[PDB]
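First the structure, in the form of structure tokens, and then the observations on it.
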Amino acid sequence: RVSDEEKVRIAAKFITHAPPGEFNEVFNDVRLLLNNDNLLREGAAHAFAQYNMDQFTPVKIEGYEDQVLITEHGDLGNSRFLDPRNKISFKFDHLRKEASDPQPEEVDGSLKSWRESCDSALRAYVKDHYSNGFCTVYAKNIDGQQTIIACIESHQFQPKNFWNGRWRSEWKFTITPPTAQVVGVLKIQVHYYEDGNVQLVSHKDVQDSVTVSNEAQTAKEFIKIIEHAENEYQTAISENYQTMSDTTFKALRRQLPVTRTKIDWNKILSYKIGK
Amino acid sequence: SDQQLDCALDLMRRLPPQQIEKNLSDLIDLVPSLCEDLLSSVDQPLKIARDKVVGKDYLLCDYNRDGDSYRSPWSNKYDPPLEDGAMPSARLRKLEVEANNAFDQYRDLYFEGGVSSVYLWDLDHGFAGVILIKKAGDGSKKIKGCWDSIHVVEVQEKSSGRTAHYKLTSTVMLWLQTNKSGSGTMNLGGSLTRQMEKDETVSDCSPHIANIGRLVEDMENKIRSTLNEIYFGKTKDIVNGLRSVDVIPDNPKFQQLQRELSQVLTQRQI
Amino acid sequence: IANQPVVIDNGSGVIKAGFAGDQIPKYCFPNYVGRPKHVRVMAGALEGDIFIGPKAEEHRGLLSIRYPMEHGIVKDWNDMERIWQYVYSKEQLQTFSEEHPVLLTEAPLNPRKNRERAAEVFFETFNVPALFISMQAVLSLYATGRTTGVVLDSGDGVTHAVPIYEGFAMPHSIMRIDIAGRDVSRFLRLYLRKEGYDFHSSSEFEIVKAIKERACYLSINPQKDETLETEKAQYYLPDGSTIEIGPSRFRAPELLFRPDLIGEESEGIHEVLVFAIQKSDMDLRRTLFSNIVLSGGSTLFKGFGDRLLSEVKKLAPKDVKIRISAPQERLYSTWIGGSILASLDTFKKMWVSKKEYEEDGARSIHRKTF
Ligand SMILES: Nc1ncnc2c1ncn2[C@@H]1O[C@H](COP(=O)(O)OP(=O)(O)O)[C@@H](O)[C@H]1O
């Protein structure tokens with residue numbers, strides 16, 4: 002007999018690392034597995050918080066007409082999240098799809114006003130990279146440091162196709178005069194499940210040093226860094242794998258033998274080698 | 021609890037196939053009543069075994085195993101040593117030794133490394149085999165990867181005419197890690213299963229195992245090429261379709277091409 | 012400068028040419044450059060010493076024939092420039108390159124460096140007003156009059172199955188091999204040496220192509236033909252000596268379906284066709300199965316389409332209506348489509364103008380094709 006506390010920990014591992022196309026289904030699979038709801042429903046609520054932040058997925062607030070990504074940088078701490086563009090607080094319900102009952106926020110936003118010009122630019126470039134693209138550029142003080150935190154995602158899920166492509170981008174830009182420091186991680190995920198599974202899992206960690214000059218320049222400089230990195234990434238992710246996987250996947254097992262002849266079974270069963 | 025098994029199999033179909041051993045053990049912790057059902061149904065990476073008398077590695081499955089111990093295909097003995105284990109017939113054992121030797125040369129030509137194992141369990145109407153392979157990639161390289169075979173075959177020998185109905189069920193459990201090119205690191209995990217059946221007439225020149233082999237070779241060339249594409253067909257369109265920089269200039273062109281094709285459409289007809 | 016545009020359909024084996032809005036290509040000839048082996052002693056010999064087209068076909072025995080283009084990828088660029096110059100010259104077209112816009116063709120998924128160097132040749136060496144490179148499968152569908160459907164093709168260089176659905180050429184679902192008619196002709200030549208009758212010379216290589224064109228058939232069951240003993244049918248060479256062909260005639264075109272026989276890993280024609288259908292979306296698969304168009308010279312073997320139908324029935328999911336259609340003129344399918352595409356008023360928008368090339372460069376050519 003497994004303890005009730007053991008059941009929650011097993012459920013947590015799956016919910017914390019589930020594919021986002023089917024993660025809400027994975028939760029449903031964990032719930033349909035164990036009989037009682039309350040033990041998993043209470044444990045998943047904490048997992049969803051941590052999980053929906055790492056996805057960078059936006060909840061549409063009813064009356065904004067746009068989509069605000071959710072992360073560790075938007076987390077107010079009182080179960081409500083920042084929307085740095087529209088500048089209103091919203092409570093994000095983690096089981097249900099919607100986030101409602103918002104609250105107008107007012108801050109001096111001097112470090113936050115500078116980056117919101119760079120943000121509104123970034124969006125136009127996000128729209129350039131993806132057909133459907135949503136973002137959030139968080140403004141926050143981190144132990145005295147001054148840091149822009151732009152985020153981009155892309156969600157492309159279809160139930161009938163059984164494939165789900167998902168992009169998440171993490172970008173932090175610390176303002177320091179003259180020289181600034183950048184840290185960012187870039188994760189892809191694709192999953193195909195027809196006649197058996199195939200998964201693409203990826204990331205690129207990038208450390209860069211930028212110099213601040215103007216609002217027009219800093220807006221078009223960071224975007225340029227992202228544009229070139231994400232293209233080089235996709236280029237490598239597409240062009241290396243189509244050829245190099247074919248050869249490395251072949252270096253493990255070859256499509257035909259070293260002779261390039263289909264092995265003769267009659268030969269195998271009546272030949273001797275060695276000395 | 022039949023729905024629980026359906027969900028358990030659905031969950032293993034969505035979690036990473038790299039951590040099947042850890043997740044299956046946790047899934048059995050969460051559902052101890054399904055332990056026997058999950059161990060039989062859920063396919064997992066093959067275990068390594070060592071025959072001490074011969075000094076050779078063999079591989080472990082449910083079919084070759086009888087109780088706590090596993091028959092080595094080299095010595096024909098189980099470790100730990102059972103008193104009266106379920107052995108094959110003396111004719112089938114000789115055939116099983118020839119299977120191992122034949123599929124030893126099979127693997128060694130396709131991979132040029134790794135380990136295999138072959139076990140044939142005796143049936144009244146037939147002889148049914150399992151062909152296990154496990155090949156590891158270059159460990160020193162940043163690109164890790166392995167290839168795993170689980171070819172299960174069932175041969176129904178006919179009484180008259182010397183013909184044999186083969187039934188091959190082949191699983192291919194792959195995980196390619198790619199850490200190169202100074203652009204990031206990707207890890208791809210595959211698991212396709214294909215079935216193939218055939219009736220072939222028996223030859224005195226080539227034994228029945230060679231007929232089985234021919235299905236494996238043809239299956240592996242096809243499964244591999246099928247796998248290969250299911251990788252690209254998805255990793256290409258999905259990833260490129262999401263973040264294509266050439267999508268926005270071609271979208272304007274496609275809209276021009278939409279007017280053009282429409283003008284072509286009318287002119288093709290008449 | 013919007014004169015009647017020219018359609019130069021490229022190909023490793025054969026190259027077609029002519030004007031837009033025509034029923035058939037008037038100017039068809041094999042894509043190679045014949046050069047004299049022997050020493051020209053006597054005065055009043057064949058002048059020029061670089062032979063292309065019907066003169067080279069007439070005087071095979073003198074000339075060391077060599078092909079500039081293998082697998083849709085030109086190796087010798089100087090030879091292709093001489094061929095294109097011969098196309099435009101008075102012996103074939105009787106026109107200038109400066110007057111007419113150009114419609115070029117290439118196999119899909121080729122190296123981009125060759126596409127760039129092709130454009131450089133048309134814009135700089137020739138003084139073309141406007142250029143446009145296009146696919147073969149897209150044109151063949153325009154020739155037939157359909158929009159939806161897969162186009163399996165088999166020339167001398169490339170075999171590729173391109174799926175299209177209502178004017179949407181999926182660039183990702185395009186399958187391709189470097190196995191085709193030239194490799195079948197090379198494999199038949201190797202088999203004729205195993206039979207007895209050796210052909211090593213370059214002029215003598217085209218006799219093997221002529222034997223492959225005439226005396227070959229694709230069996231439905233290859234295992235049944237292997238067990239049975241052949242009849243050993245005859246054929247007369249250009250000289251006069253007779254040759255019993257034997258089992259080489261039927262085992263030669265098996266290369267296209269079984270690519271392991273030459274000694275190179277590939278899918279095969281029938282696999283490529285199934286594979287092009289599978290890579291596309293689930294809803295569009297049944298329409299792609301119903302519309303399968305054939306093209307090229309290496310689809311003209313006896314019982315080729317019947318073998319393709321049997322291979323599709325074996326691989327594809329059961330209870331699906333298979334239909335491998337084909338035009339009457341399978342050799343000139345791609346050129347007719349180009350002539351139709353060139354005659355349309357839309358053609359002016361798609362092309363790469365000489366001014367646009369001089370401003371941008373190769374990037375504008377890469378953008379306009381896709
Ligand atoms: N009737 C035929 N039977 C078999 N093969 C043929 C036949 N006619 C032509 N071929 C082969 O096909 C080739 C011509 O194909 P084609 O489509 O013109 O090539 P490309 O696509 O490169 O222009 C020739 O080189 C020849 O070897």
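Protein chains in written order, with the working numbering: chain A, 2 to 276; chain B, 21 to 290; chain C, 12 to 381.
C-beta: ideal position from N, C-alpha, C; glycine also.
Judged by DSSP in its simplified three-state form, residue 169 (chain A) adopts strand.
Residue state for residue 174 (chain C) is assigned as strand, using DSSP reduced to three classes.
Placement of the Cβ of residue 312 (chain C) at a distance of less than 7 angstroms from at least one heavy atom of ligand 1 is found.
Taking 7 angstroms as the cut-off, one finds at least one heavy atom of ligand 1 near enough to the beta carbon of residue 167 (chain C). As the crow flies, the alpha-carbon of residue 99 (chain B) is around 57 angstroms from that of residue 209 (chain A).
Under the Cβ distance rule, residue 128 (chain B) does not count among the residues neighbouring chain C, no pair being separated by less than 8 angstroms. Within the stretch 156–219 of chain C, the runs of alpha helix (DSSP H) at least 4 residues long that lie entirely inside it are, in chain order, 192–206. Taking a beta-carbon distance threshold of 8 angstroms, residue 211 (chain B) does not count as an interface residue toward chain C. With a threshold of 8 angstroms between beta carbons, residue 190 (chain B) makes no contact with chain C. In the DSSP assignment, residue 32 (chain B) falls outside any beta strand (DSSP E) and lies within the alpha helix (DSSP H) extending over 22–32.
For residue 105 (chain A), the three-state secondary structure derived from DSSP is strand.
About 4 angstroms separates the beta carbon of residue 306 (chain C) from that of residue 164 (chain C), a gap short enough to meet the 8 angstroms contact definition.
Per the DSSP secondary-structure output, residue 207 (chain B) pairs in a beta bridge with B:197. Our two residues, residue 377 (chain C) and residue 111 (chain C), have alpha carbons roughly 22 angstroms apart in a direct line. For residue 157 (chain A), there are no neighbours in chain C by C-beta distance under 8 angstroms, as the nearest C-beta there is about 13 angstroms away. Residue 31 (chain A) places its beta carbon 8 angstroms or farther from that of residue 49 (chain A). Residue 89 (chain A) sits in a strand when the DSSP states are folded into three classes.
Shortest gap from the CB of residue 225 (chain B) to any heavy atom of ligand 1: 7 angstroms or more. When distances are taken from the beta-carbon of residue 223 (chain C) to the heavy atoms of ligand 1, the shortest one is below 7 angstroms.
Within chain B, the residues whose beta carbon sits less than 9 angstroms from that of residue 35 (chain A) are 24, 50 and 51, listed in sequence order. No Cβ of chain A is located within less than 8 angstroms of the beta carbon of residue 61 (chain B). DSSP places residue 97 (chain C) in the uninterrupted alpha helix (DSSP H) bounded by 88–99. With a cut-off of 8 angstroms on Cβ pairs, the stretch 245–263 of chain A is not in contact with the stretch 188–205 of chain A, counting fewer than three such pairs. Residue 136 (chain A) has its Cβ no nearer than 7 angstroms to any heavy atom of ligand 1. At the C-beta level, residue 138 (chain A) and residue 176 (chain A) stay beyond 8 angstroms of one another. Residue 352 (chain C) and residue 119 (chain C) have their C-alpha atoms roughly 18 angstroms apart.
Just so you know, the alpha carbons of residue 227 (chain B) and residue 314 (chain C) end up roughly 33 angstroms apart.
Measuring C-alpha to C-alpha distances from residue 254 (chain C) to each of C:147, C:203 and C:66 identifies C:203 as the nearest. As for any beta strand (DSSP E) of minimum length 3 sitting wholly inside the stretch 35–88 of chain B, the runs are 67–71 and 76–80, ordered along the chain. Here residue 102 (chain C) has 64 as same chain residues with Cβ atoms under 8 angstroms from its own Cβ, once five neighbours each way along the sequence are excluded. Under DSSP, residue 157 (chain A) takes part in a beta bridge, and its partners are A:166. Along the stretch 240–265 of chain B, the alpha helix (DSSP H) occurs as fully enclosed runs of 4 or more residues at 257–263, listed in sequence order.
When Cβ pairs closer than 8 angstroms are counted between the two stretches, the stretch 150–163 of chain B is seen to touch the stretch 133–141 of chain B, the count reaching three or more. For residue 219 (chain C), the Cβ stays outside the 7 angstroms cut-off from all heavy atoms of ligand 1. When C-alpha distances from residue 103 (chain A) are compared across A:60, A:118, A:143 and A:129, the shortest belongs to A:60. Relative to the non-hydrogen atoms of ligand 1, the Cβ of residue 25 (chain C) comes within a distance shorter than 7 angstroms of at least one.
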